[PDB]
A.B. asks: 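Before I ask anything, let me first share the structure, which is written out below as structure tokens.
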Amino acid sequence: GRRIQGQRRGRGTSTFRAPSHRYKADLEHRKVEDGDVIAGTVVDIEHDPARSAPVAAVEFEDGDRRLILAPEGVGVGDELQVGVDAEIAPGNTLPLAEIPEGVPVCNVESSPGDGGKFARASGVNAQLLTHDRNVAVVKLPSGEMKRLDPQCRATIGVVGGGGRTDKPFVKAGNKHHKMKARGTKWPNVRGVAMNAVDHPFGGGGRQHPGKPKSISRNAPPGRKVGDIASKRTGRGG
RNA sequence: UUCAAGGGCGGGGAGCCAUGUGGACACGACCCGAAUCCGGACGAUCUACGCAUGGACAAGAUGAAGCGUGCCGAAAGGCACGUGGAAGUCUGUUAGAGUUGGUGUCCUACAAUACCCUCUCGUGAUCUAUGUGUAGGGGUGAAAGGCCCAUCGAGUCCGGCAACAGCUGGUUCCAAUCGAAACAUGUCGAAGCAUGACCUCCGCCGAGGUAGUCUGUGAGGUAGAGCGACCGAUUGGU
RNA sequence: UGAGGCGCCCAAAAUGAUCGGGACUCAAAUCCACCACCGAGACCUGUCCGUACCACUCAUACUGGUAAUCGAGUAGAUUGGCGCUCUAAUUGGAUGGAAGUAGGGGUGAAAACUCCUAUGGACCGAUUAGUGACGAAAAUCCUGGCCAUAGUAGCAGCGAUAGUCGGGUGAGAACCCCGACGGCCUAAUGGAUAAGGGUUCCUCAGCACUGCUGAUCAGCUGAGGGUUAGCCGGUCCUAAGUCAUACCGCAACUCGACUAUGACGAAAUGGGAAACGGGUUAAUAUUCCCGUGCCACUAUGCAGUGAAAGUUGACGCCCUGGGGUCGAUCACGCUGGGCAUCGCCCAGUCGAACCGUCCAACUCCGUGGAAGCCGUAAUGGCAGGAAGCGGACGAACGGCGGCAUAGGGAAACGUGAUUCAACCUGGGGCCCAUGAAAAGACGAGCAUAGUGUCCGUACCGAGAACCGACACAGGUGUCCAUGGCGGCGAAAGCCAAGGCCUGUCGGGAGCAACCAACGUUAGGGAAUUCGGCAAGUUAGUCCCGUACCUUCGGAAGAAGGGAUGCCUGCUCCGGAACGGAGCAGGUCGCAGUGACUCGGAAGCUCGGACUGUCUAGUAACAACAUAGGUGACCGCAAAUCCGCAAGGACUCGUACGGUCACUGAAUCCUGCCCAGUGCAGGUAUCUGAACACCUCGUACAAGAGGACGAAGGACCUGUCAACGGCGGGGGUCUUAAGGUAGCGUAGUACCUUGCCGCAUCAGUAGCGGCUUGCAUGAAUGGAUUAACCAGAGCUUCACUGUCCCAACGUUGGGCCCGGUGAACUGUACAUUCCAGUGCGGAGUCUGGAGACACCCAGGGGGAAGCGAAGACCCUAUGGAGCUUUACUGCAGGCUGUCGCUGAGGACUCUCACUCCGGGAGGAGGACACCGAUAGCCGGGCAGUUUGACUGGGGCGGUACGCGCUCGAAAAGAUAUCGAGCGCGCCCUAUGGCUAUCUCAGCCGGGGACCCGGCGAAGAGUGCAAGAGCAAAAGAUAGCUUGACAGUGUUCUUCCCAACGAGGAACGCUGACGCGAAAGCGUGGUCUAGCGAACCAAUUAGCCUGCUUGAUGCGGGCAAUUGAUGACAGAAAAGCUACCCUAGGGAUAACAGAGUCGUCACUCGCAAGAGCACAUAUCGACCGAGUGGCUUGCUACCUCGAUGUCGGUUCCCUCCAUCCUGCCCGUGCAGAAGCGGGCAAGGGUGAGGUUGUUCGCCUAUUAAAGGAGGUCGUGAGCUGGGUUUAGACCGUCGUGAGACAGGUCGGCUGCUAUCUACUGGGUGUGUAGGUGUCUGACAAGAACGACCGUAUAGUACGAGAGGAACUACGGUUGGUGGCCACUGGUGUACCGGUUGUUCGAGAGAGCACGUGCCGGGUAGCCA
Ligand SMILES: [Cl-]
Ligand SMILES: [Cl-]
Ligand SMILES: [Cl-]
Ligand SMILES: [Cl-]
Ligand SMILES: [K+]
Ligand SMILES: [Mg+2]
Ligand SMILES: [Mg+2]
Ligand SMILES: [Mg+2]
Ligand SMILES: [Mg+2]
Ligand SMILES: [Mg+2]
Ligand SMILES: [Mg+2]
Ligand SMILES: [Mg+2]
Ligand SMILES: [Mg+2]
Ligand SMILES: [Mg+2]
Ligand SMILES: [Mg+2]
Ligand SMILES: [Mg+2]
Ligand SMILES: [Mg+2]
Ligand SMILES: [Mg+2]
Ligand SMILES: [Mg+2]
Ligand SMILES: [Mg+2]
Ligand SMILES: [Mg+2]
Ligand SMILES: [Mg+2]
Ligand SMILES: [Mg+2]
Ligand SMILES: [Mg+2]
Ligand SMILES: [Mg+2]
Ligand SMILES: [Mg+2]
Ligand SMILES: [Mg+2]
Ligand SMILES: [Mg+2]
Ligand SMILES: [Mg+2]
Ligand SMILES: [Mg+2]
Ligand SMILES: [Mg+2]
Ligand SMILES: [Mg+2]
Ligand SMILES: [Mg+2]
Ligand SMILES: [Mg+2]
Ligand SMILES: [Mg+2]
Ligand SMILES: [Mg+2]
Ligand SMILES: [Mg+2]
Ligand SMILES: [Mg+2]
Ligand SMILES: [Mg+2]
Ligand SMILES: [Mg+2]
Ligand SMILES: [Mg+2]
Ligand SMILES: [Mg+2]
Ligand SMILES: [Mg+2]
Ligand SMILES: [Mg+2]
Ligand SMILES: [Mg+2]
Ligand SMILES: [Mg+2]
Ligand SMILES: [Mg+2]
Ligand SMILES: [Mg+2]
Ligand SMILES: [Mg+2]
Ligand SMILES: [Mg+2]
Ligand SMILES: [Mg+2]
Ligand SMILES: [Mg+2]
Ligand SMILES: [Mg+2]
Ligand SMILES: [Mg+2]
Ligand SMILES: [Mg+2]
Ligand SMILES: [Mg+2]
Ligand SMILES: [Mg+2]
Ligand SMILES: [Mg+2]
Ligand SMILES: [Mg+2]
Ligand SMILES: [Mg+2]
Ligand SMILES: [Mg+2]
Ligand SMILES: [Mg+2]
Ligand SMILES: [Mg+2]
Ligand SMILES: [Mg+2]
Ligand SMILES: [Mg+2]
Ligand SMILES: [Mg+2]
Ligand SMILES: [Mg+2]
Ligand SMILES: [Mg+2]
Ligand SMILES: [Mg+2]
Ligand SMILES: [Mg+2]
Ligand SMILES: [Mg+2]
Ligand SMILES: [Mg+2]
Ligand SMILES: [Mg+2]
Ligand SMILES: [Mg+2]
Ligand SMILES: [Mg+2]
Ligand SMILES: [Mg+2]
Ligand SMILES: [Mg+2]
Ligand SMILES: [Mg+2]
Ligand SMILES: [Mg+2]
Ligand code: NA
Ligand code: NA
Ligand code: NA
Ligand code: NA
Ligand code: NA
Ligand code: NA
Ligand code: NA
Ligand code: NA
Ligand code: NA
Ligand code: NA
Ligand code: NA
Ligand code: NA
Ligand code: NA
Ligand code: NA
Ligand code: NA
Ligand code: NA
Ligand code: NA
Ligand code: NA
Ligand code: NA
Ligand code: NA
Ligand code: NA
Ligand code: NA
Ligand code: NA
Ligand code: NA
Ligand code: NA
Ligand code: NA
Ligand code: NA
Ligand code: NA
Ligand code: NA
Ligand code: NA
Ligand code: NA
Ligand code: NA
Ligand code: NA
Ligand code: NA
């Protein structure tokens, strides 16, 4: 047959790429020699085309002007701080060690200095539960308990834009406009609506998948489609 | 080979080379004939989808939120009027896009997809110019196996290549002699082969042969007939 | 009363009857005899030829002889010869004329040889031996040329119908030019341009080419000429993105991703230093000239120390205010023009860049001090300080002044206003969407001077300059969107400016038929049709008014009702409009949205929620998408995906993410099943590879075995919004459950037109109810649903030429004429018709009939017409796409092991290595990554296979290897999917031998046993069938292992007649058994019970392995065992309607043909009933037939195609007669019937459901018959159904996909050569003329039928009821003709009237070939 859509994706052609040239900034925690002295002032609040969420423009003491992953509650004029000795207020960034347990956090680093990897989408947040000299236990938005180096930096507060998912798109056109700002091919044709040559579920006198939808983890690309290594399906039980 | 016996193969000197010619096998193999498969290249001037930068949409209708005023109310708010001008909203041959019916005209066309009337959309998932990206078992696809330059259930060009076929077509001067088989055995075999039958030509052998009839010595259970001769059918009566 | 001969009845078919025809009757028939003739290539006979043989011979050279016993022939075998090229030897010809060609003479059976004459003008042979790109009628053969076709089609069709009269030039003028008149184009047919073209531009000279005709013209031909830039573009910048170098990869590169660097990337249409006005050429022009202005750089000078922060460049979508120019319009004046019943109408009234100046909006400052005011179109603003007042900053392509006694104008060379494109500047709203960048500019003064190079520049820009082969009705971007009237309008219609008469052939006929577009049609009004297809109706605006339903938005312009012009005078809103809304009065028409523009409406059902997408080119839909619902995977060093690698997309992303799937808005809901399959988790035990390890083996090694055991599997569990399932039976079984809410004859229901109801005269339709559902059902989503829809079905009102039933007219063709000028097609012949025959579908054969030739027009009956090597079907050891638990492999994932890899069955560490960090350092860590290998998964991908037989193929079957009886025709052989039926073993005895013995069955005496008797065989002998057997081949007893080893002969397998395995018969050699012995035993009494090579194992001995010896382990001779049943041996599944090729009428579907079981009809006999009575009527059984309409069979004809069903239209026919005429019988009173005979003249109609044929139903009727003509009729129509590609449902399948199931959508080519006929001409024959006739023959349905009245309330009859002859009147169908009458048309004509233009008036053009409306003569018509 022919390569399935999931395979056309990997080639990285225009249709599947994100409109990167249209994006604003790569949100990452600033690098501080040490001391924490680094502070800056919020100069403006902008829309982030790559996240459909707000982002904050900050002017730092040493002249640096960078966009920041903005938590909820940050406004023009506010003074944000980044460092070990940073105050403990929303919008500030400091290592999980210096953060008091029980505080909501966002843009958490996977490993100290990577600039932030977890909890960055609209309205989400991580939960610093346990401390230690060796391990900082954080509960990610998926609900997982993650063990992180207490040296991993994070930002106090929940990400701005919460509740975005509460409103329905209502019409195809609205999805369209959002999809145009992401690295995604849309709309989506169902596999069962295709021909056998184009998809493992394609073909037939009526529409239905050929075999069962749960596919093995070991299935090769071109065949791994449907419910991937599903531990279970449906809702019952 | 073999206790043994019995079998197999060979044996009393003709070959080698040359020239012409009959035939076989490999090769293009008497000639043409088609759908393939594979390799390397050339194409996104068409078209699909994405991206960059530009452009386009008479006029009218309906009248969302918001806001105002007035009246009612303790408040909550409610009601009326106005304002406001939303919408993959309506009408619309504005421009522009599309293409339902006529199964009209055309059908050696004006045209290898045209003409006319009718019809759908026309502020949006909109239409469009130019630039730009994705390339062949690969793209692209709101998915019709659609589209990738009149080419698509795997583009185009050249090459492999004089592809192969048991299948169709064709195979060019005169005469004399003989003269079939359309059957049997085997076959992935029944549109084909091989081996026999049968046709023909050459060399050898050297006296019988037997298509006809008669007679003699033998073989035979079909026609017919019959079954108180088997067998099995098949009537009635004392 | 028996028999015979000939005939008769029985006896019906489709274009025109037949015995071949004519025609024949004491025969030209038939039967019995007879006589004479005709008549082949046979037979006889003369001569010759060939072939074979004989004599002679070297001879196959002669000569003679023989053939009664020689003379046909496809495929094929054999043999002699003719012709072509060039070579060689030998030898000739030719300018006193070679070859070739044309015509002609001679020879040879012939291939072919040769001569003569003409032409030709230089080469040409013969013999012998060679040579070979050596011989054509054919291949839908190749190339070239040519005829018919044909002076034919086209040069008409398009909403752009375009010309005409004079004149100019010229050899020549319908189309080249001038004038007038008449028209066409208005977002274009005008103006400016991008791309693209490339000289097409201008001039002169031309017409052989091109130009749909002609041409003096030209985009043609030839020759010259033409494009001028500091301030228009390029150039410069950067965009998506591209390239180059470096690095790395790769076997390698012209290959490849990342990361650096550098460069490239925008001519209309991104950003951007600077130009305006006039003038000029045949052709350029912000480029040249004149005038004026401006920018940048550099130099000089003065000023200036400032100078880089910031601003700008620089930005989305929607609504909106203000500023404001051009344009347009209004008022008034001036200048010029037009008109001439008024006094109107038209044009103009000008003047740049630039320099200077002015400034609304926004923002801000001071003052002020609002507690309710301020302000807007709207939102809004304020004690955090409103209004007012004063001030800073601050706009136009705008105002104003200069520029300008510049320029331009014949002249005047204006002033105000409104609405205001451009341009400027604000306010508001929206985003799960956030709307470039860089160069550059500003910031940052002035004088003077110098410099400003390089590339582009013509023209077209399209119904002739571009792409489409063309001067192609197609395609192709931007700007002018502000010309007038009109009106909502960038709409229509009309008209300016500007352009054009080149969407480039004309002339003629009242101009016929027929065709394309189209107008109008009385009365009826969907009767048409699959279906209202097509056409029509409605229509603009205002007022009134508006149902069910609903997601409260909508439905809605629902529906329905009314109004609408002009003129006179006014009112209101507003600053006003040349803006809008009203009032009163007058008044005309058939009609006031008067043309134009401009909805028909309502209801029920199905589907998909909606806008959107799609098969470029037959499908626009119910299919795809969608929001919404849901499940799955993943914490980012992730999940998913691309790459061989280096690397990469997702990702400037991070679970409110994004990947992978299913369902498909809302509403109410979404039951039961985990057995199978899938996925996932767990797992004592079982299974589970390689390395390392242990044992055996080998001086080593191969190899055998063990221990350990990863993933995986077994096993257990979870999971269905995972694949999917939800029955039979009874008051459980398969296999887990056993169909819940719902819905239901469904787009799913076979039976089926289900039943009931609604509706209609009538309704296979539609809707509602019922519903046992062939075979409904819950995210394979169920039900339901407002809104929406070029989606499917149905109903109503309205409408109407769809129909009854057609007519007239309009325009373009058609027809005739000038000019231009193809194609298709062609074996030949061809004036055919009716029959027959033939490979069964003939212009050509046969018999007849008809037929004088040529030509014009026509509609297409035939040439199984032309077009296409059939798409259907089968066949091929064909192809391809697709599928899967087909075969075999290959990626990829998981997992063990080895290397990298290090220190001290579980553990720590750090040093490689990996990741994070700028670094310091942090995390991880001998793991991971990578390299190698092993096991598991693995249609993700590749290559292939998937057999044959067969009354086509498939399904079924196996007649695919064997044995018997019959078929089988008394030797042998013999077919079918022929009839009956068996074998793929079983047996250590059920083998072998010997001894003893005789069986079934019946009878008699004491179904066991005992005795006797009869008893040739019916018993028994393993198993089919047939055969054999009695002191045995059977039974009993005993003994024995010959069911032995080796090797042959022969037959069979395979008749004849080659062929293996296998089988059998009969020997021998050896060894045995039994018997006194002869002898028997080569398994079972005989015919079924069977298997190659390669490989392995096994048996006994021997041969052999590369210089050699020893050991190990191999190779071989003979043979046994292991299976290929498709059985003389491949290792092997499907779909294709997305399909493709080779072929086949070797083979199916359709038509034909044969048959006639089936079907239709008839006859013989006549049981029977019919109150009695076979035969008024009905009529069984059985028997004999006819037809060729149904069905089936067959496979003859066509697969290089004979176009399907149904319908329609138009023609002919048959009779087995439905009506009509004439008759017979009656269970015939009459009337009304029933049945029958003759008979085919005429008639046999209209409708409702259905694609239907058929059939059901309704009302009429004299009756509403059946059948043939290729199931008549697609070069006639239609296209509803069957049967392409799209899709849905049900069922089946793991799946692709399928269905003798349903459903929505889904194309109709061609210019007529021949023939045929309808009509029209020209000739010839009869044999100069006029007029009038004749009539061989030919055609007709020219007439068919019904109702009514008198007869008559009569005959008949109890009555009820109720005829006839004849004479009349009328109707219907058909037929021919005609137009006084009625009616239609009537783009002759006359009137009314809307819009616009000619100034008004008058009078006119256009509005599609009449603007519309009203009337309508002639003619033509019903
Ligand atoms: Cl999303
Ligand atoms: Cl000869
Ligand atoms: Cl230019
Ligand atoms: Cl405003
Ligand atoms: K055929
Ligand atoms: Mg980032
Ligand atoms: Mg919305
Ligand atoms: Mg995208
Ligand atoms: Mg979808
Ligand atoms: Mg599909
Ligand atoms: Mg597949
Ligand atoms: Mg579905
Ligand atoms: Mg489904
Ligand atoms: Mg392009
Ligand atoms: Mg309003
Ligand atoms: Mg709309
Ligand atoms: Mg519209
Ligand atoms: Mg493009
Ligand atoms: Mg398909
Ligand atoms: Mg010959
Ligand atoms: Mg001869
Ligand atoms: Mg016999
Ligand atoms: Mg007999
Ligand atoms: Mg002969
Ligand atoms: Mg010689
Ligand atoms: Mg031939
Ligand atoms: Mg002709
Ligand atoms: Mg005209
Ligand atoms: Mg010219
Ligand atoms: Mg000239
Ligand atoms: Mg550049
Ligand atoms: Mg520009
Ligand atoms: Mg010019
Ligand atoms: Mg020019
Ligand atoms: Mg033209
Ligand atoms: Mg009428
Ligand atoms: Mg009807
Ligand atoms: Mg009808
Ligand atoms: Mg219609
Ligand atoms: Mg007023
Ligand atoms: Mg009208
Ligand atoms: Mg239905
Ligand atoms: Mg839809
Ligand atoms: Mg199409
Ligand atoms: Mg459509
Ligand atoms: Mg279509
Ligand atoms: Mg759908
Ligand atoms: Mg969804
Ligand atoms: Mg979803
Ligand atoms: Mg019903
Ligand atoms: Mg369910
Ligand atoms: Mg064919
Ligand atoms: Mg087929
Ligand atoms: Mg294949
Ligand atoms: Mg790194
Ligand atoms: Mg495959
Ligand atoms: Mg192959
Ligand atoms: Mg077969
Ligand atoms: Mg015999
Ligand atoms: Mg025997
Ligand atoms: Mg083998
Ligand atoms: Mg063995
Ligand atoms: Mg065989
Ligand atoms: Mg055999
Ligand atoms: Mg074919
Ligand atoms: Mg045949
Ligand atoms: Mg035909
Ligand atoms: Mg009769
Ligand atoms: Mg008749
Ligand atoms: Mg027919
Ligand atoms: Mg007929
Ligand atoms: Mg026909
Ligand atoms: Mg046709
Ligand atoms: Mg035709
Ligand atoms: Mg149809
Ligand atoms: Mg239909
Ligand atoms: Mg249909
Ligand atoms: Mg004559
Ligand atoms: Mg007119
Ligand atoms: Na499927
Ligand atoms: Na192939
Ligand atoms: Na392109
Ligand atoms: Na309101
Ligand atoms: Na159309
Ligand atoms: Na390909
Ligand atoms: Na080739
Ligand atoms: Na082949
Ligand atoms: Na044969
Ligand atoms: Na055969
Ligand atoms: Na064959
Ligand atoms: Na003899
Ligand atoms: Na006989
Ligand atoms: Na022959
Ligand atoms: Na002309
Ligand atoms: Na106007
Ligand atoms: Na729309
Ligand atoms: Na299960
Ligand atoms: Na399961
Ligand atoms: Na079901
Ligand atoms: Na639509
Ligand atoms: Na008409
Ligand atoms: Na014809
Ligand atoms: Na294919
Ligand atoms: Na096979
Ligand atoms: Na044998
Ligand atoms: Na018959
Ligand atoms: Na044919
Ligand atoms: Na028909
Ligand atoms: Na008749
Ligand atoms: Na009917
Ligand atoms: Na036919
Ligand atoms: Na047709
Ligand atoms: Na038809």
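Hydrogens, waters and symmetry mates are skipped; everything else that's a heavy atom, side chains included, is used. A note on names: the letters A, B, ... follow the listed sequences, proteins ahead of strands, and every chain is numbered from 1.
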A.B. asks: Do you know the tightest heavy-atom contact between A:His208 and A:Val192?
C.D. replies: N-CG1, 3.1 Å
A.B. asks: May I ask you to classify the sugar pucker of C:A1239 as north or south from its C1'-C2'-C3'-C4' sign?
C.D. replies: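 North, since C1'-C2'-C3'-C4' is positive for C:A1239.
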A.B. asks: List the residues meeting side-chain hydrogen bond (donor to acceptor under 3.5 Å, both in side chains) with A:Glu79, not counting sequence neighbours, and say none if there are none.
C.D. replies: A:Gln81
A.B. asks: With a 4.0 Å cut-off on heavy atoms, is A:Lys146 in touch with a base, just the backbone sugar-phosphate, or nothing at all?
C.D. replies: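 Since only primed, P, OP1 and OP2 atoms lie under 4.0 Å of A:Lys146, the category is sugar-phosphate.
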A.B. asks: For RNA chain C, which residues in residues 127-140 of chain A have a heavy atom at a distance below 4.0 Å?
C.D. replies: A:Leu140
A.B. asks: Under 4.0 Å from any atom of RNA chain C, heavy atoms only: list the residues of residues 92-99 of chain A that qualify, in numerical order.
C.D. replies: none
A.B. asks: Which heavy atom of A:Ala57 sits nearest to which heavy atom of A:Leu67, and what is that distance?
C.D. replies: CA-CD2, 3.6 Å
A.B. asks: Tell me which residues in residues 5-18 of chain A lie within less than 4.0 Å of RNA chain C, going by non-hydrogen atoms.
C.D. replies: A:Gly6, A:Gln7, A:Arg9, A:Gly10, A:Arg11, A:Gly12, A:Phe16, A:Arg17, A:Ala18
A.B. asks: Testing the basics here: between A:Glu98 and A:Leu94, what is the closest heavy-atom pair and its distance to 0.1 Å?
C.D. replies: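 The answer is CB-CD1, 3.9 Å.
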A.B. asks: Under the convention that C1'-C2'-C3'-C4' above zero is north and below zero is south, what is the pucker of C:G773?
C.D. replies: south
A.B. asks: Identify the heavy atoms of A:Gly123 and A:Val158 that sit nearest to each other, and give their distance.
C.D. replies: O-CB, 4.3 Å
A.B. asks: Tell me, yes or no, whether the heavy-atom count around A:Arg65 atom CZ, taken from other residues, nucleotides or ligands under 6.0 Å, exceeds 12.
C.D. replies: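 Counting other residues, nucleotides and ligands, CZ of A:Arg65 exceeds 12 neighbours.
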A.B. asks: Just checking: is there a Watson-Crick or G-U wobble pair between C:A246 and C:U259, both distances under 3.5 Å?
C.D. replies: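 A pair, by the stated definition.
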A.B. asks: The sugar of B:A44: north or south, by the sign of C1'-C2'-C3'-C4'?
C.D. replies: south
A.B. asks: Just by modelled atom types, is the A:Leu96 backbone N or O under 3.5 Å from a matching donor or acceptor in the A:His131 side chain?
C.D. replies: yes
A.B. asks: Hey, is the side chain of A:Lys31 poking within less than 4.0 Å of OP1 or OP2 on C:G917, counting only N and O atoms?
C.D. replies: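 The answer is no; no side-chain N or O of A:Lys31 sits under 4.0 Å from OP1 or OP2.
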A.B. asks: Ignoring the backbone of A:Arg164, work out which of C:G657, C:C652, C:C636 is nearest its side chain.
C.D. replies: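 Closest of the options to the side chain of A:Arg164: C:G657.
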A.B. asks: With RNA chain C as reference, determine whether A:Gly163 or A:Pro112 sits nearer its 5' end, using the nearest nucleotide of each.
C.D. replies: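 Taking each residue's closest nucleotide, the earlier one in sequence belongs to A:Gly163.
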A.B. asks: So for C:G132, where does the sugar sit by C1'-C2'-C3'-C4', north or south?
C.D. replies: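 That sugar belongs to the south family, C2'-endo side.
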A.B. asks: Running the 4.5 Å side-chain criterion over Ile, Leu, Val, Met, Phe, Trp and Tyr, what cluster does A:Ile215 land in, apart from itself?
C.D. replies: A:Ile228
A.B. asks: A:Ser52: which residues meet the side-chain hydrogen bond (donor to acceptor under 3.5 Å, both in side chains) condition with it, sequence neighbours left out?
C.D. replies: A:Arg182
A.B. asks: Counting only Watson-Crick and G-U wobble pairs whose two distances fall below 3.5 Å, is C:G682 partnered with C:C715?
C.D. replies: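 Yes, C:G682 pairs with C:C715, since both Watson-Crick or G-U wobble distances fall under 3.5 Å.
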A.B. asks: Counting only Watson-Crick or G-U wobble pairs whose two distances fall under 3.5 Å, which nucleotide matches C:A112?
C.D. replies: C:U107
A.B. asks: Taking any heavy-atom pair under 4.0 Å as a contact, classify A:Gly1: base, sugar-phosphate, or nothing.
C.D. replies: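 Counting heavy atoms under 4.0 Å across all strands, the contact made by A:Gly1 includes a base.
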A.B. asks: Should A:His21 be listed as having a side-chain N or O under 4.0 Å from OP1 or OP2 of C:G241?
C.D. replies: no
A.B. asks: Kindly give the heavy-atom pair with the smallest separation between A:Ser230 and A:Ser214, and that separation in Å.
C.D. replies: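 Taking A:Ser230 first and A:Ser214 second, the nearest heavy atoms are OG-OG, 2.8 Å.
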A.B. asks: By a strict heavy-atom criterion of less than 4.0 Å, which residues belonging to residues 203-219 of chain A are in contact with RNA chain C?
C.D. replies: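 Hits under 4.0 Å, by residue number: A:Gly203, A:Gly204, A:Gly205, A:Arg206, A:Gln207, A:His208, A:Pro209, A:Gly210, A:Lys211, A:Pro212, A:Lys213, A:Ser214, A:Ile215, A:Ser216, A:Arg217, A:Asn218.
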A.B. asks: Distance under 4.0 Å to a non-hydrogen atom of chain A counts as contact; along RNA chain B, which nucleotides mark the start and end?
C.D. replies: B:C49 to B:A154
A.B. asks: Suppose the criterion is salt bridge (charged side-chain N to carboxylate O under 4.0 Å, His left out): which pairs have a residue in residues 32-51 of chain A, not counting sequence neighbours?
C.D. replies: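 Every salt bridge (charged side-chain N to carboxylate O under 4.0 Å, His left out) pair that includes a residue of residues 32-51 of chain A, provided the two are not neighbours, is A:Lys24-A:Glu46, A:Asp48-A:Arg51.
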A.B. asks: Tell me if C:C455 and C:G688 are paired here, counting Watson-Crick or G-U wobble when both donor-acceptor distances sit under 3.5 Å.
C.D. replies: no
A.B. asks: Is there stacking between C:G1034 and C:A1033 - six-membered ring centres closer than 5.5 Å and planes within an angle under 30°?
C.D. replies: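 Not stacked, because at least one condition fails for the base rings of C:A1033 and C:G1034.
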A.B. asks: With nearest nucleotides of RNA chain C determined for A:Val225 and A:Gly222 from heavy-atom distances, which residue corresponds to the more 5′ nucleotide?
C.D. replies: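 Closest to the 5' end, via its nearest nucleotide, is A:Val225.
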A.B. asks: Counting N and O atoms only, with roles assigned by atom type, does the side chain of A:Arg66 sit under 3.5 Å from a partner on the main chain of A:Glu28, one being a donor and the other an acceptor?
C.D. replies: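 Such a contact is found between A:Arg66 side chain and A:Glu28 backbone.
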A.B. asks: Whom does C:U216 pair with, Watson-Crick or G-U wobble, provided both distances fall under 3.5 Å?
C.D. replies: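 Pair assignment: C:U216 / none.
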A.B. asks: Does the pair C:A1058 and C:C1059 meet both stacking conditions, six-membered ring centres under 5.5 angstrom and ring planes under 30°?
C.D. replies: yes
A.B. asks: Which nucleotide, in any strand shown, forms a Watson-Crick or G-U wobble pair with C:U1366, with both distances under 3.5 Å?
C.D. replies: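 In the structure as shown, C:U1366 has C:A1350 as its Watson-Crick or wobble partner.
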A.B. asks: Enumerate the residues from residues 176-193 of chain A whose closest heavy atom to RNA chain B is under 4.0 Å, giving them by residue number; use none for an empty result.
C.D. replies: A:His176, A:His177, A:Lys180, A:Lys185, A:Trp186, A:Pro187, A:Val189, A:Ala193
A.B. asks: To the closest 0.5 Å, what do you measure between CZ (A:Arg164) and NZ (A:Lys178)?
C.D. replies: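 So the CZ of A:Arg164 and the NZ of A:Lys178 are separated by 5.0 Å.
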A.B. asks: For RNA chain B, find the residues of residues 37-59 of chain A with a heavy-atom distance under 4.0 Å and give them by number; none if there aren't any.
C.D. replies: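 Nothing qualifies; none.
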A.B. asks: side-chain hydrogen bond (donor to acceptor under 3.5 Å, both in side chains): which pairs involve residues 141-161 of chain A, sequence neighbours left out?
C.D. replies: A:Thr93-A:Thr155, A:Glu109-A:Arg153
A.B. asks: Locate the shortest heavy-atom distance separating A:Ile38 from A:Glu61; write the atom from each residue and the value.
C.D. replies: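 Nearest pair, atom of A:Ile38 first, then A:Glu61: C-OE2, 4.2 Å.
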A.B. asks: Going by ring centres under 5.5 Å and near-parallel planes (under 30°), is A:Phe118 stacked on C:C636?
C.D. replies: no
A.B. asks: Would you say the side-chain atoms of A:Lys224 pair up with the backbone N or O of A:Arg217, donor to acceptor, closer than 3.5 Å?
C.D. replies: yes
A.B. asks: State which of C:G628, C:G631, C:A1296 makes the closest approach to the side chain of A:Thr233.
C.D. replies: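 For the A:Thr233 side chain, the nearest candidate turns out to be C:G631.
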A.B. asks: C1'-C2'-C3'-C4' for B:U99: north (positive) or south (negative)?
C.D. replies: south
